[PDB]
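Heads up: the structure comes next, in structure tokens.
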Amino acid sequence: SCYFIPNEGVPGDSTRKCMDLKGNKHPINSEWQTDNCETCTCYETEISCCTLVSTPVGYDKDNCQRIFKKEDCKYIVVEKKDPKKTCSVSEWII
């Protein structure tokens, strides 16, 4: 849900600084949204990316399964027997 990209070999490098996957540049201290469900910030010589989707935790992974919904960029857990009903979760990570 979060990874660090150092200015020691970033993917699709173009400005050696911090260029988004779209092909647009951005000034330091600026944030941009890419992949239409991912975010990241640019620093002098460092980049920190984090997704917008939350992770389910503290729930019965045996009786409930997490479902990925792009339309809402989030993870939801429902009962296996009845996917209509949601599953209780202690907390979410984001």
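Identifiers in this document derive from the order of the structure tokens: chains are assigned A, B, ..., residues are numbered from 1 separately in each chain, and ligands are numbered from 1 in order of occurrence.
Close contacts of residue 76 of chain A, defined as residues with an atom at most 10 Å away when counting only C-alpha atoms, with chain neighbours fewer than 4 positions off set aside, comprise residues 54, 55, 56, 64, 65, 66, 67, 68, 69, 72, 86, 87 and 89 of chain A.
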(Q) List the spatial neighbours of segment 17-34 of chain A as a list in words - criterion: any atom at most 8 Å away, only C-alpha atoms, same-chain residues fewer than 6 positions off excluded. (A)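 Everything that qualifies: residues 7, 40, 41, 42, 43, 44, 45 and 47 of chain A.
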Output C-alpha atoms for every residue in that selection, as a CSV table (one decimal), in the first residue's frame.
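result.csv, freshly written:
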chain,number,residue,atom,x,y,z
A,7,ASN,CA,16.3,9.2,-7.2
A,40,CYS,CA,2.6,10.2,-4.7
A,41,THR,CA,4.7,13.2,-3.6
A,42,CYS,CA,8.0,14.6,-5.0
A,43,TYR,CA,10.9,15.7,-2.9
A,44,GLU,CA,14.4,17.1,-3.7
A,45,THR,CA,15.8,13.7,-4.3
A,47,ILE,CA,9.6,10.0,-3.9
Q. So, counting only C-alpha atoms, which residue among A:1, A:36, A:58, A:48 is closest to residue 90 of chain A?
A. A:58
